[PDB]
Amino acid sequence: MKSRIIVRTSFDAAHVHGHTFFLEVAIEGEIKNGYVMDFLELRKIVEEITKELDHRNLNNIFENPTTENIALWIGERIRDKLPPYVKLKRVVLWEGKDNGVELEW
């Protein structure tokens, strides 16, 4: 069996057409003493990354700000900050409520 904790967040950005992006992050690991990893630590890691894009024009930070590339970047940034016994499992980024990009490791 595989266990994961999920956190959902959102941020607004433009690329120009501004959107409200909904981000879902799934971190996989083992349930140790009732916890995989506390939600607040993960959520802090995630927001610390999304805040760099919040209210910005992604065309100034990304060569080509496609939802896929933004999702990719976010995944790499998250990966670099997660704790030792945990892995980035899934990243789902919705460009508005009806369209999204799912990245699964």
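We number the residues from 1 along the sequence you see.
field: Chain break class for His15 to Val16, judged by how many deposited residues have no coordinates
entry: A long stretch, 10 or more residues, is missing between them.
Higher-B stretch (mean Cα B-factor, as the entry records it), 35-43 or 66-74: Per the deposited B-factors, the answer is 35-43.
- prompt: With respect to the recorded C-alpha B factors, which stretch has the higher mean value, 16-24 or 87-95?
  reply: Per the PDB entry, the higher value belongs to 16-24.
Where the record places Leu103 (Cα B-factor, split into thirds across the chain): Tercile = lowest for this residue's CA B-factor.
- request: Among all modelled residues of this chain, ranked by Cα B factor, put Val7 in the bottom, middle or top third, i.e. lowest, middle or highest.
  value: Lowest third - that is where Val7 ends up once the chain's C-alpha B-factors are sorted.
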